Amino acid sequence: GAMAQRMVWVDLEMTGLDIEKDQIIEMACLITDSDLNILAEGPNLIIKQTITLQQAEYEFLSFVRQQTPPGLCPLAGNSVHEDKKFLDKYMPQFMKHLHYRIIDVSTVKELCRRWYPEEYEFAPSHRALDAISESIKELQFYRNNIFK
């Protein structure tokens, strides 16, 4: 039903894209329903190299366990495939609660750019939680402007 169709939105800041050497500096999480209405805001945590990585994972896993059913909801965000790679490595217990699929807003952007170039031209951060809010607005924009 509607519960399985929720989305687990995240935004992460890393030192870089090298999975073997770079680390997660910042992370935020929030839950939307299938229509992108924000149901609950999770924490915005700055991770050490403020809190430790293992405690941030407990904070985020507790937050999604009380908002989504296990293994059903996908990770959502801007270029969230980059975020998933670091979360599979550094937060594997948090990832055990989610589906393997993602709702990558930048995939939608790559399709908008190609198929609706006029709409792409007029398509619309101090915290990672603010970046999530911006990515939801970008996705809502594609829903209204390029989807049927």
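Quick note: we count residues from 1 along the sequence shown, nothing fancier.
The modelled chain is continuous from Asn37 to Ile38, with every intervening residue of the deposited sequence accounted for. Counting the deposited residues that fall between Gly16 and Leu17 and carry no coordinates gives zero. Comparing 23-31 with 109-117, the higher mean C-alpha B-factor in the PDB entry belongs to 23-31.
A summary of the deposited B-factors shows that, of 100-108 and 64-72, the stretch with the larger mean C-alpha value is 64-72. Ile46 sits in the highest third of its chain by CA B factor, as recorded in the PDB entry.
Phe86: CA B factor lies in the middle third for its chain, per the PDB record. Placement of the Cα temperature factor of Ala131 within the chain: middle third of the modelled residues, per the deposited record.
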